[PDB]
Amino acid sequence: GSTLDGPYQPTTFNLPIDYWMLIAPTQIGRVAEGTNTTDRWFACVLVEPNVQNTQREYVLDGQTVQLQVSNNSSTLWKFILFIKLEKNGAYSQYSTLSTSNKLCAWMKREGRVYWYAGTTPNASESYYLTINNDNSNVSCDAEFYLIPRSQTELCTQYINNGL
């Protein structure tokens, strides 16, 4: 079987640059969040298949917020990447990952957070937001693995095919 660095228990930490944090939730809802503390608060949420547009509640950046989610796939799970741009602002939707595998991943590099998006088995790191703060903390509600950038091909493989 595949051998990855992990699983690590859920925590809040200063994710080192140039590592994929491959997150492996078992529960729907909030999966992970991060912030540069200045103009980006980002969060991913997991939605099960066959969900008509609806408003659910999540605790993001400490606050209970109401966000519209949907997933019109009868079979694929959907991670949604939400971002707010100021401390007191509202979250907007920026990217999604539709997947049979229930894994998502992001990386801090080049002052950005890269994110796997698309539809498995063809998800790719096509999306990023800009944070310009290498010491940005990430909070994770799920177990996760760390994959160095040299093994990006393996991260892509796991996102798309599972472990």
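The first residue of the shown sequence is 1; numbering continues from there.
Open item on the list: Averaging CA B factors per stretch from the PDB record, which one is higher: 106 to 114 or 34 to 42?
Closed with: So the stretch with the higher mean C-alpha B-factor is 34 to 42.
Task: 3 to 11 versus 152 to 160 - which carries the larger mean C-alpha B factor in the record - done: Result: 3 to 11.
Task: Most elevated Cα B-factor in the entry, residues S136, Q27, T120, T96 - done: That would be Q27, according to the entry.
- [ ] Sort the modelled residues of this chain by their C-alpha B factor and say whether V65 lands in the lowest, middle or highest third.
- [x] Its C-alpha B-factor belongs to the highest third of this chain's values.
Open item on the list: Based on the deposited C-alpha B factors for this chain, I'd like to know if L22 is in the lowest, middle or highest third.
Closed with: For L22, whose C-alpha B-factor we compare with every modelled residue in the chain, the answer is the lowest third.
TODO: Report the third (lowest, middle or highest) to which the CA temperature factor of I83 belongs, ranking only the modelled residues of the same chain.
DONE: Its C-alpha B-factor, which the entry lists for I83, ranks in the lowest third among residues of this chain.
- [ ] Consider only the C-alpha atoms of the modelled residues in this chain, order them by B-factor as the entry records it, and name the third containing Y128: lowest, middle or highest.
- [x] Its C-alpha B-factor, which the entry lists for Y128, ranks in the lowest third among residues of this chain.
TODO: Taking the values exactly as deposited, rank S74 by C-alpha B-factor within its chain and report the matching third: lowest, middle or highest.
DONE: Within its chain, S74 is a highest-third residue by C-alpha B-factor, going by the deposited values.
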